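Okay, so here's the structure we're looking at.
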Amino acid sequence: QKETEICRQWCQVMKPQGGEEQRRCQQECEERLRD
Numbered sequence: 002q003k004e005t006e007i008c009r010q011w012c013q014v015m016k017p018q019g020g021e022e023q024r025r026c027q028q029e030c031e032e033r034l035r036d
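Take the sequence shown: its position 35, counting from 1, is numbered 36 in the numbering used here, and each next residue is one higher.
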């Protein structure tokens, strides 16, 4: 869950509370992380 935080927090800084931004970020994050 530690890497999970980093992975999302990167996007939280780069693209804070968006729409498609979240979709891509979460998908791409889960694609790496597998949560």
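Positions of the beta carbon are idealized from the N, C-alpha and C atoms, including for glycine.
Linking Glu6 to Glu29 through their CA atoms gives a straight-line distance of about 14 Å. DSSP places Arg24 within a helical segment (H, G or I) once states are collapsed to three.
In the structure shown, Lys16 falls within a coil segment according to DSSP collapsed to helix, strand and coil. In the three-state reduction of the DSSP assignment, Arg9 falls in the helix class, which pools H, G and I.
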